[PDB]
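Below: the structure, in structure tokens.
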Ligand code: HEM
Ligand code: HEM
Ligand SMILES: Fc1cccc(C[C@@H]2C[C@H]2NCCc2ccnc(-n3ccnc3)n2)c1
Ligand SMILES: Fc1cccc(C[C@@H]2C[C@H]2NCCc2ccnc(-n3ccnc3)n2)c1
Ligand SMILES: C[C@H](O)[C@H](O)[C@H]1CNc2nc(N)[nH]c(=O)c2N1
Ligand SMILES: C[C@H](O)[C@H](O)[C@H]1CNc2nc(N)[nH]c(=O)c2N1
Ligand SMILES: [Zn+2]
């Protein structure tokens, strides 16, 4: 039937009936659960996704059955019948983008879902125009450190025509320069994208925190290279509140977390270039970006600066170092007046969100393994909260790298 | 290419495929519509097919699959179920299935040790006094004065039209939880119910934070009887911190032996309702869950205050700091007292090795990511970065309803 969802800290029980409105399969079956996998392994179709979304939309503005509702359904119906596709009204698009964020099972920032600035960029016809749009998104979202959630939406995909794409996974990323002695200077996650940029004519640096250029691709054209104006890219030097040697490590991170390679699906329409940004949760930088073994991997360095017993695991040097690194990030962002949220405040707001959604929709799709932060899991309330995972539409999806 | 789940390690870039999951006979809670992977609690013909499957597992494991002894044992079991409705396991079959149930347990991070398990056959036990004796023997052997040893004691199987053997307590060692007149709980809140049950059954209760509970043991079709463990059998470790000298003054302690006693051990359709097993602790079980869960001892605020942290703002990471020191204290104290313990780094490293071993041996390993990843320092350990497939294999350990 419907999943009984229990919170083990409070003894409380909800029933998820929102999951019944899932029209898309996930990776699991009764025989085996694949919930920990990061990636996923005619015109009547399109028409029904379209009607469904238009229905959601008119329900959202409390105008179901009305004249504008009926008329909008026929517009969509007439357009698909004749051209095999259709187009969204700006207001529908705004609604759709907001629902997509709201439906995102991995996002711990969804308390904010109704407060999203949506830029319509569907009147874009060149890489160069994409660059102008992207720069404005960055300026707006960054806002001198008082970060604001934004999405910019580029022209949808069209049958038998290449996609608009941003090649970079994030609008802001540090280069990863593969040294021929195996090692990597900079961010190992970005070795491939850095190499692509160089091949398309970028003059490379030799630092650990070199901001990449963007490769933008207008349909069926080679990607073009655009160096972002340094004044648009706000960064925070990292220093520790009590450990005065920490700043000497020469660490920094950018302020704007903007995903640029995910696909946005609304009403059966697909937007292959639709970068979005909010603000960082501190553990994203402090734990994953700086401490992941296959990223900057600074745990041992900091642990030695703290004069810790690296010899054995049981001294918990790793854990001690990690906490200070995360503390340094929160302190540094706070000192620079750049918006940040720690994992405790984050998960506390997420619980409140689960509650809002239970009353609003009868449930909330959430991915436990992603919502629970990378350190201090059970210290946060989400750890103790059962969650149901499923795919609702509108939705953000992964898509292949365009190369 | 391959028609089996693809499994990736994101730290190392390595790919595997799980073919073992194909052997799964029991469905879990998930469907294509929704993932319920994070939920904690999600006929002779029937028996025969389960039994045949197990005897096949057994003969495969001794490499006599297809043999005469194999086909004979099958006929023996089929003929035994024929005249009685049940069958019985040979001793070494019981040992194999006990070890295979542990090896199959998706939630257990200690499975590297699965081959080294002492199996105490107690299928001759006929009273509650006898259960207590066997349990005491288990505690003595498993504890081994601090040099801990994996063990399980198997009591008689469920029998048609006859009451189960049951240990009412969830563990062999558990602290009491006394509900106060002011609504609070003294001791361990996890154990309020079992505590009140012990009292109802005649236990004279203490009033400490760390009172060991008596066992409520139940022989077929009999009321449970109460048994107090002799204190010298129950090894405890006082908790101190290696540098913070005041930590020892908190008066915190924990027992050495983690022994689960309310789980049902299923082998070839046969159900062993009382089959307590024990290993040694992974340090975060004590330091993070037992000592810091809000609904357990909840000492995080206490420790933080002592460390002089700013408990008024989340962004001080005072929870994170205190939690680290509490885990360090758990480790340091067990080490100092020479009681076996494994930290969450060492444990996960060893579990990675287990996965590699099982990949070669069985072509996969069922594993519950939410339960394998530790409750602090998640992405600091390698299993965080390891994708896992979860499914039910048999023989298996299973949750069972509480006897009352
Ligand atoms: C406003 C502050 C926000 C915070 C604090 C936040 C937090 C997070 C975090 C921690 C993750 C996990 C990502 C990872 O660790 O790789 C995530 C993922 C995600 N977020 Fe946000 N988020 C915010 C805003 C937004 C916005 C504005 C959108 C889109 C409109 C969004 C959509 C998503 C999606 C689709 C994912 C999944 C990404 C993936 O599967 O790789 N979030 N969020
Ligand atoms: C040898 C050292 C062992 C270690 C370090 C270990 C570690 C763990 C840990 C950390 C858990 C998670 C439980 C929780 O967080 O509440 C667990 C669960 C489990 N273990 Fe072990 N274990 C060990 C031995 C054993 C043995 C000997 C058996 C059985 C013969 C066993 C069977 C299980 C089962 C069935 C679970 C799942 C419990 C549940 O779902 O409630 N383990 N183990
Ligand atoms: F190679 C890969 C294949 C699949 C997933 C992967 C990691 C996922 C991309 C990361 N998911 C988003 C990470 C991120 C970065 C910056 N900002 C945000 N962000 C912004 C708002 N909400 C999240 N997310 C790598
Ligand atoms: F109220 C509840 C309902 C369902 C599950 C829950 C937590 C699971 C009991 C805990 N799982 C066993 C915990 C445990 C304790 C002591 N030792 C061991 N142990 C020993 C060897 N391997 C594990 N596990 C509470
Ligand atoms: C294998 C595992 O599922 C994978 O590493 C996941 C776990 N949870 C995560 N959670 C967040 N927030 N971000 C991640 O990249 C991941 N990775
Ligand atoms: C809701 C969630 O599934 C629950 O809190 C789980 C998460 N992971 C766990 N992991 C372990 N090892 N032990 C547990 O009791 C739990 N509890
Ligand atoms: Zn699942």
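Here Swiss-Prot sets the residue numbers for chain B, with the shown residues being 67-108, 121-482 in order.
Looking at the header, which is where the method is noted, we find X-ray crystallography, 2.3 Å.
Cβ coordinates are placed from backbone N, Cα and C, and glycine is handled just like the others.
According to Swiss-Prot, the features are:
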BINDING   B:96, B:101  Zn(2+) binding site
BINDING   B:104, B:448, B:449, B:462  (6R)-L-erythro-5,6,7,8-tetrahydrobiopterin binding site
BINDING   B:186, B:477  heme b binding site
BINDING   B:249, B:358, B:359, B:363, B:368  L-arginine binding site
May I ask which of the binding-site residues B:101, B:186, B:462, B:477 is closest to residue B:368 (L-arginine binding site) if we compare their C-alpha atoms? B:186
From the binding-site residues B:101, B:358, B:359, B:363, B:449, pick the residue whose C-alpha lies nearest to the C-alpha of residue B:477 (heme b binding site). B:449
Cβ within less than 8 Å of chain A, restricted to binding-site residues B:249, B:359, B:368, B:448, B:449, B:477, yields B:448
Find, among the binding-site residues listed as B:96, B:101, B:186, B:448, the one whose Cβ has the highest number of other Cβ atoms within 10 Å in the structure shown. B:101
Cβ-based neighbourhood (8 Å from the centroid) of the L-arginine site, residues B:249, B:358, B:359, B:363, B:368 excluded: B:332, B:333, B:336, B:360, B:364
Recorded (6R)-L-erythro-5,6,7,8-tetrahydrobiopterin binding residues, B:104, B:448, B:449, B:462 - maximal Cα separation rounded to whole Å: 15
For residue B:359 (L-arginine binding site), the one of B:448, B:449, B:462 that lies nearest, given that the binding-site residues are compared by Cα: B:449
Near residue B:449 ((6R)-L-erythro-5,6,7,8-tetrahydrobiopterin binding site), which residues of its chain come within a Cβ-Cβ distance under 8 Å, counting only those 6 or more away in sequence? B:184, B:185, B:187
For residue B:358 (L-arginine binding site), the spatially nearest of the binding-site residues B:96, B:101, B:186, B:448, B:462, using Cα atoms, is B:186
What whole-number value in Å do you get for the largest C-alpha pair distance within B:249, B:358, B:359, B:363, B:368, the residues recorded as binding L-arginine? 15
